[PDB]
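Taking it in order: structure first as structure tokens, then the write-up.
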Amino acid sequence: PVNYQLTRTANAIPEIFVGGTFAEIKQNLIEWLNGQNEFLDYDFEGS
Amino acid sequence: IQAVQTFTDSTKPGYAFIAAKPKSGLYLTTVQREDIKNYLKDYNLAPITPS
Amino acid sequence: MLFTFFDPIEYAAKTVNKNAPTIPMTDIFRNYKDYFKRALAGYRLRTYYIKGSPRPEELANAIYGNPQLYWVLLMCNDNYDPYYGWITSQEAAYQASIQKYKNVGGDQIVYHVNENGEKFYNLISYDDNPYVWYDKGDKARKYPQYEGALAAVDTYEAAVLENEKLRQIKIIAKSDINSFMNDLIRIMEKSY
Amino acid sequence: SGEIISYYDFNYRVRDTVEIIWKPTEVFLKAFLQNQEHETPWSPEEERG
């Protein structure tokens, strides 16, 4: 349009729901699991 | 080359024309038409040589 | 398997990202809670178990039932939240208290509880002053409430007071449950 | 000069004489920018109230 304030949107499912492609979930969990919290002390193994 | 067919024509024995089309352009360029005619001379057979 | 019992259907999800792939999914959309409700007719007078233990979410494998059913306890209380619906370990509520108010206000006083149980909500005393309580605004005073006296429940106590009142549930008595569940299926096979 | 900007490939052995005609009609490669936003690594999602 002309004035940018008119963009808005149609009916839009927000990014909050949507839902996973898998591997992107793997990405976000690893960053939440490994980082910001633990810096692993985990007793399982390297793998 | 794409889309080749070869057809033998009676009353003109000894040729067996083949029809070839380039995957790029329309007509076959020289030093291509020549190069397609080779590698069939190693095989060929007989009389009846390509066109 | 007293959930499920039907089929995966297929969940299209076509209203979002057209030509989305169909994913077979356990069928949670039947309005089960109604079947339970109508089937229960005639088995009522399910007594009041009173709980009495911060039984983890599943006592089904102890008290009535016990094929680790983990529900028919739910449908009892019409529980909206399977986590905070049941009562919790005494500390859990305390733990739950912080995360509730952690953002704003810190620990607080939610209401002052007159004897006979008349709640007040943002009513504030002045010590070293008249003994009469005032609202948290109109600091000019002039508008007193509740000339009497009472005692505040702060925050922790409230959450305890609020979740601890959540222990009573229906049962079906460990007698009917077999005969009951034997009906609860029949209504289900009925409609199809 | 020692630049080697771009390599090209003929179909098959152009032999005698060659001509290259740019398909977009007389324009070489053309580019477009991209905006790659900051990945926001967080899901605390704290809320007021």
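Residue names in the structure tokens use chain letters A, B, ... in the order shown, residue numbers from 1 in each chain, and ligand numbers from 1 in the order shown.
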* To do: Residues of chain D near chain B: apply a cut-off of 8 Å, count only C-alpha atoms, and supply the list as number ranges by chain.
  => D: 11, 13-16
Can those selected residues be exported to a file as a PDB file, in the first residue's frame so that it contains N, CA and C atoms?
ATOM      1  N   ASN D  11      28.613 -26.687 -24.145  1.00  0.00           N
ATOM      2  CA  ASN D  11      27.994 -28.002 -24.124  1.00  0.00           C
ATOM      3  C   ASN D  11      29.004 -29.069 -24.520  1.00  0.00           C
ATOM      4  N   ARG D  13      32.504 -29.344 -26.949  1.00  0.00           N
ATOM      5  CA  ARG D  13      33.607 -29.137 -27.885  1.00  0.00           C
ATOM      6  C   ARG D  13      33.265 -28.195 -29.039  1.00  0.00           C
ATOM      7  N   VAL D  14      33.188 -26.886 -28.793  1.00  0.00           N
ATOM      8  CA  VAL D  14      32.678 -25.976 -29.813  1.00  0.00           C
ATOM      9  C   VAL D  14      33.532 -25.909 -31.065  1.00  0.00           C
ATOM     10  N   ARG D  15      34.702 -26.541 -31.074  1.00  0.00           N
ATOM     11  CA  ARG D  15      35.428 -26.735 -32.324  1.00  0.00           C
ATOM     12  C   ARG D  15      35.776 -25.432 -33.027  1.00  0.00           C
ATOM     13  N   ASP D  16      35.167 -25.193 -34.185  1.00  0.00           N
ATOM     14  CA  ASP D  16      35.632 -24.168 -35.110  1.00  0.00           C
ATOM     15  C   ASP D  16      35.380 -22.743 -34.626  1.00  0.00           C
TER      16      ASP D  16
END
* Pick out each residue of segment 13-49 of chain B that DSSP on the backbone tags as strand (DSSP E or B); I need them as a ChimeraX atom specification. => /B:18-21
I need the residues from that last selection saved to file as a JSON list (two decimals), in the first residue's frame (with N, CA, C and O atoms), if you can.
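Contents of the output file part_25.json:
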[["chain", "number", "residue", "atom", "x", "y", "z"],
["B", 18, "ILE", "N", 20.17, -41.36, -40.12],
["B", 18, "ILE", "CA", 19.79, -41.19, -38.73],
["B", 18, "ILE", "C", 19.45, -39.73, -38.51],
["B", 18, "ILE", "O", 20.03, -38.84, -39.14],
["B", 19, "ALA", "N", 18.48, -39.47, -37.64],
["B", 19, "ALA", "CA", 18.02, -38.12, -37.35],
["B", 19, "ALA", "C", 18.29, -37.81, -35.88],
["B", 19, "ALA", "O", 17.75, -38.47, -34.99],
["B", 20, "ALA", "N", 19.12, -36.80, -35.65],
["B", 20, "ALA", "CA", 19.53, -36.42, -34.30],
["B", 20, "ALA", "C", 19.19, -34.97, -34.05],
["B", 20, "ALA", "O", 19.26, -34.13, -34.95],
["B", 21, "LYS", "N", 18.82, -34.67, -32.81],
["B", 21, "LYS", "CA", 18.49, -33.31, -32.43],
["B", 21, "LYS", "C", 19.36, -32.87, -31.25],
["B", 21, "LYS", "O", 19.61, -33.66, -30.34]]
Mind running chain A against chain C at 12 Å and telling me each contacting residue's nearest atom pair with the distance in Å (one decimal), counting only C-alpha atoms, chain and number ascending, as a tab-separated table?
residue	atom	partner	partner_atom	distance
A:11	CA	C:16	CA	10.7
A:12	CA	C:16	CA	9.3
A:13	CA	C:16	CA	8.0
A:14	CA	C:16	CA	11.1
A:15	CA	C:16	CA	11.9
A:17	CA	C:16	CA	10.9
A:18	CA	C:16	CA	8.2
A:19	CA	C:16	CA	10.5
A:21	CA	C:21	CA	11.6
* Asked: Could you name the residues that touch segment 22-39 of chain A at 10 Å or less, counting only C-alpha atoms, but leaving out those on the same chain fewer than 5 positions away, as a list in words?
  ->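 After dropping sequence-adjacent residues, the list is residues 41, 42, 43 and 44 of chain D.
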* **Residues within 7 Å of segment 74-88 of chain C, only C-alpha atoms, excluding chain neighbours under 3 positions, as a list in words** =>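 Result of the neighbour search: residues 33, 54, 57, 71, 92, 93, 163, 164, 166, 167, 169 and 170 of chain C.
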* Asked: What residues in chain C lie within 9 Å of chain D, counting only C-alpha atoms, written as a list in words?
  ->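 Result, ordered by chain then number: residues 101, 103 and 104 of chain C.
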* Asked: Of the candidates C:107, C:9, C:36, C:47, which one gets nearest to residue 188 of chain C if we count only C-alpha atoms?
  -> C:36
* **Spatial neighbours of residue 44 of chain C, max dist 12 Å, only C-alpha atoms, sep filter under 5 positions, as a list in words** => residues 36, 37, 38, 39, 76, 170, 171, 172, 173, 176, 177 and 180 of chain C
Would you write out those residues with N, CA, C and O atoms, as a short mmCIF file (atom, residue, chain, number, x, y, z; two decimals), in the first residue's frame?
data_model
loop_
_atom_site.label_atom_id
_atom_site.label_comp_id
_atom_site.auth_asym_id
_atom_site.auth_seq_id
_atom_site.Cartn_x
_atom_site.Cartn_y
_atom_site.Cartn_z
N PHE C 36 -18.66 -40.87 29.52
CA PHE C 36 -18.50 -41.09 30.95
C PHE C 36 -19.68 -40.55 31.73
O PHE C 36 -20.21 -41.21 32.62
N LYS C 37 -20.10 -39.32 31.41
CA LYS C 37 -21.15 -38.70 32.20
C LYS C 37 -22.46 -39.46 32.06
O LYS C 37 -23.11 -39.79 33.06
N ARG C 38 -22.86 -39.76 30.83
CA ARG C 38 -24.13 -40.45 30.65
C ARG C 38 -24.04 -41.88 31.13
O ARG C 38 -24.98 -42.39 31.76
N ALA C 39 -22.92 -42.56 30.88
CA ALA C 39 -22.77 -43.93 31.33
C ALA C 39 -22.83 -44.03 32.84
O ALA C 39 -23.35 -45.01 33.38
N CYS C 76 -14.00 -37.96 37.25
CA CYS C 76 -14.60 -37.58 38.52
C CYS C 76 -14.72 -36.07 38.69
O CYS C 76 -15.82 -35.53 38.72
N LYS C 170 -14.52 -38.53 43.53
CA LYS C 170 -15.44 -39.66 43.54
C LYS C 170 -14.67 -40.92 43.22
O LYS C 170 -13.50 -40.85 42.85
N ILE C 171 -15.31 -42.08 43.32
CA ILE C 171 -14.54 -43.31 43.35
C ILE C 171 -15.08 -44.32 42.36
O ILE C 171 -14.35 -44.80 41.49
N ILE C 172 -16.35 -44.69 42.54
CA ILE C 172 -17.06 -45.77 41.84
C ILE C 172 -16.80 -47.07 42.60
O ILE C 172 -17.27 -48.15 42.21
N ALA C 173 -16.03 -46.99 43.68
CA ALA C 173 -16.12 -47.92 44.80
C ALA C 173 -15.34 -49.22 44.62
O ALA C 173 -15.42 -50.10 45.49
N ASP C 176 -18.15 -51.19 41.37
CA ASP C 176 -18.82 -50.98 40.10
C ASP C 176 -17.85 -50.94 38.93
O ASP C 176 -18.23 -51.31 37.81
N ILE C 177 -16.61 -50.52 39.18
CA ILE C 177 -15.72 -50.12 38.10
C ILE C 177 -15.70 -51.16 36.99
O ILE C 177 -15.72 -50.82 35.80
N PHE C 180 -19.19 -51.01 35.71
CA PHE C 180 -19.27 -49.68 35.10
C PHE C 180 -18.57 -49.65 33.75
O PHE C 180 -19.19 -49.37 32.72
#
